[PDB]
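Here's a solo chain for you in structure tokens, the form deposited in one PDB entry.
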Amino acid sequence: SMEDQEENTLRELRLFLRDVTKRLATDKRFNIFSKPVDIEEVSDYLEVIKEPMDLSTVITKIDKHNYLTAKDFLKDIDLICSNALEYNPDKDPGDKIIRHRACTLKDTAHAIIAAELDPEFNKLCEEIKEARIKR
């Protein structure tokens, strides 16, 4: 029942991470990140990007209990952004549009968590993460 109680708290994190992801997913600036990059229309992607990531894959990850902290979640947002920048590094203002969007997706996600996540709640998640490592 410690397990039961721990699951309630992780559950509360998931509810919170779904609300955030949802606010990112419906912001029309982050449309290009809302879905996995198509290996039809963009055939060179999995050739250059080694770990693809997107807002809809993140939703799936929340539901598979892949995130026990807000930080594990932000890593994957960070990953969305670092891939954008790796695959789109050019002088062409199409690249710069995409990069500006990547960087704002990241910063927006970080400021949401920072403003809205109660710190003690986060500390509690961290120990549950750690306390599970140790089992």
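Each residue number is its position in the shown sequence, starting from 1.
What comes next is about the form deposited with a partner chain bound, which is not displayed.
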Q) Counting only heavy atoms and a 4.5 Å cutoff, which of 51-59, 69-77, 88-96, 101-109 contacts the partner chain in the bound PDB entry? A) 88-96
Q: Flag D63 as yes or no: does it have a non-hydrogen atom within 4.5 angstroms of any non-hydrogen atom of the partner chain in the bound PDB entry?
A: no
(Q) How about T26 - does it come within 4.5 Å of the partner chain in the bound PDB entry, if we only consider non-hydrogen atoms? (A) no
Q: Considering only heavy atoms, tell me if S43 and the partner chain come within 4.5 Å of each other in the bound PDB entry.
A: yes
